Amino acid sequence: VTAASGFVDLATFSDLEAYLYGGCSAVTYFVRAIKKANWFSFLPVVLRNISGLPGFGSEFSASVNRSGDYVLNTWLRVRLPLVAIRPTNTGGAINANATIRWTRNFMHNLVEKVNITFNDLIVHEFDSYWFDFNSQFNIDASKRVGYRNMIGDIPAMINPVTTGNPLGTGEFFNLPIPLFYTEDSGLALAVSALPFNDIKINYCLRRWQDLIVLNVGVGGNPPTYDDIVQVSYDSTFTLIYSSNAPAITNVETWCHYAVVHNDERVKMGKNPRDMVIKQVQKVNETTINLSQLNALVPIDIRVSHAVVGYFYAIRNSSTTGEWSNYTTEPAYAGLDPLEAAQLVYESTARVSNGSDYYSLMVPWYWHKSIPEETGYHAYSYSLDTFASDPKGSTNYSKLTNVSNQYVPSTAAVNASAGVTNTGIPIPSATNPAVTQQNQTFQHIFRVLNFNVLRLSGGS
């Protein structure tokens, strides 16, 4: 009981169907035209051995060789050995409730600002907050679990443990950073950089403290910071310790390279060209007061070049290592502190309402994805443009009296005084103090932009 050839559909070609289906438009739709391409095979390589001593408390800077031709992707590679706190530093350690934790985002937070330099300037720049944002908006609804499996994803790095039992995972972590090369634009190494560019890359790292936390326990024999030490599994499967402070062994950057026919390389030097690309900026983060009620006391300002969109947020660390919190919650994800924000202006304001607007009703209408139930406020007054395709923009050179405007919520102040809804006290991780928390707050921001690049020699 099935159809062989229903076939009646085709019989109905009236006007409505006529405008579209028939006529001089795609004489065939089933087949595909094919557009040939270039000759290029690209296999990765490691970069030179990196200046400076790398790994936690330094600012090392790699380089690039010119043997390749283009550059397409980029990332960082690391190892991390097991770490767990120990007893018997002096008469044992805390008998009962020893603790040990880690951040929620490690290789995002670990890295400090990064950027590239062409020996006279800068064209690129970043921060931890930026990976934090880009984890949500500019990455698929599907690829998130992979992203995380590559970094900071596991009840080994979270869901902490007591002292004896170990923690961590003795493997590598992969972290990608986009470095002027999201959309396969590509670079003219052998043509441009050759005389004097002296391409180079830079980093800046952090003290393992700022990434870690620990609630010293009760018992008159509390732990500390330096008692932390590496761990290992022997041949016979038993815990083994050391004195060596925790650290990452191998720090190397792995970048792809593409080669081409010598000709394609020759078409380049004869003629210079200009490129259009993105980058970021920032404003020196500042402390702020969110403790008063729904009356607009707080203020803030901003400055930048012409851009496409701009992102903002909050953070209330109030703790030595519970980074990337973004809430009136000290130890774990919480609700948003603020609402009913706005952007101050003089005339034809670019916003006139909304907080939840920003996070949600804007992406579904503009952006690619949306965030989780934590709160990464955001806004664009042009298209996504993540594809370097210019779709709407504006300048900041003008409206010289630029600024922004902010405002708290009830939960915000309830926390700033050490409480939440229903008169609830808040504890602290760094120490046991059931209440009496005056949770410090902060304000943060970032922004993209467009610029124009010329490179006949260096850039």
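Reading the values: the criteria
Per the conventions used, each chain is numbered from 1 along its written sequence, independently of whether this matches the entry, and residues without coordinates are not displayed. Remark: hydrogens and water are excluded; side-chain values derive from all non-hydrogen atoms of the structure. For helices the rule is a DSSP run of H or I covering at least 4 residues; for strands it is a run of E covering at least 2, with both sets numbered from the N terminus onward. Categorising residues by exposure relies on relative accessible area from a 1.4 Å probe, with only protein chains included: less than 20% of the type maximum marks a residue as buried, more than 50% marks it as exposed, and the intermediate range marks it as partly exposed. Two residues form a contact once any of their heavy atoms are found within 4.5 Å. Method for areas: the Shrake-Rupley scheme with a 1.4 Å probe, in which residue coverage is limited to the protein chains shown. Charge counting follows a simple rule: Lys and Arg are positive, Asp and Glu are negative, and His as well as the terminal groups are ignored. Charged groups are reduced to one reference atom each: NZ for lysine, CZ for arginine, CG for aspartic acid, CD for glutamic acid. Bear in mind that the domain bounds are from an automatic or database domain assignment. In short, buried area is how much 1.4 Å probe accessible area vanishes from two parts on joining, totalled over both. Stacked, edge-to-face and tilted labels apply to pairs of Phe, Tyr and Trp rings (six-membered ring for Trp) whose centres lie within 6.5 Å, assigned for plane angles under 30 degrees, over 60, and everything in between, in that order. Either the NZ atom of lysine or the CZ atom of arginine qualifies as a charge over a ring when it sits within 6 Å of the ring centre and within 35 degrees of the ring normal.

Structure determination for this PDB entry is given in the record as cryo-EM, at a resolution of 4.42 Å.

Right, let's talk about the overall build of the protein for a bit. The number of helices and strands found in the protein is nine helices and 19 strands. Along the three orthogonal principal directions, the C-alpha set of the protein runs to about 85 × 70 × 55 Å. By the burial criterion, 44% of the 459 residues in the protein qualify as buried. Sequence separation of 24 or more characterises 77% of the internal contacts of the protein that already satisfy a separation of 6 or more. Total accessible area on the protein stands at roughly 25600 Å², and carbon and sulfur atoms take up 58% of it. Within the protein, the 36 negative side-chain charges are centred at a point lying 7 Å from the centre of the 31 positive side-chain charges.

Taken as a whole, the protein is organised into domain 1 (39–271) and domain 2 (274–459). A C-alpha centroid distance of 25 Å is found between domain 1 and domain 2. Contacts between domain 1 and domain 2 engage 39 residues on the former and 47 residues on the latter. Summed over both partners, the interface of domain 1 with domain 2 buries about 3800 Å², with 57% contributed by carbon and sulfur atoms.

As a further point, take the packing of aromatic side chains. Tallying each qualifying case throughout the model produces 22 aromatic pairs. An angle of 55 degrees between the planes, with centres 6.1 Å apart, marks the rings of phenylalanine 133 and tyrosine 376 as tilted. Of the two residues, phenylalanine 133 is situated in helix α3 (residues 128–134) and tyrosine 376 in the loop between α8 (356–361) and β15 (378–379); the sequence distance between them amounts to 243 residues. Aromatic ring contacts, followed pair by pair, group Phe126, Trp130, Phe131, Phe133, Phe137, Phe311, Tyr326 and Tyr376 into a single cluster. Here the basic side chain of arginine 77 rests over the ring of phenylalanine 172, its NZ or CZ set 4.1 Å away from the ring centre. For the cation-ring pair, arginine 206 lies above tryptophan 323, with the distance from its terminal atom to the ring centre recorded as 3.9 Å.

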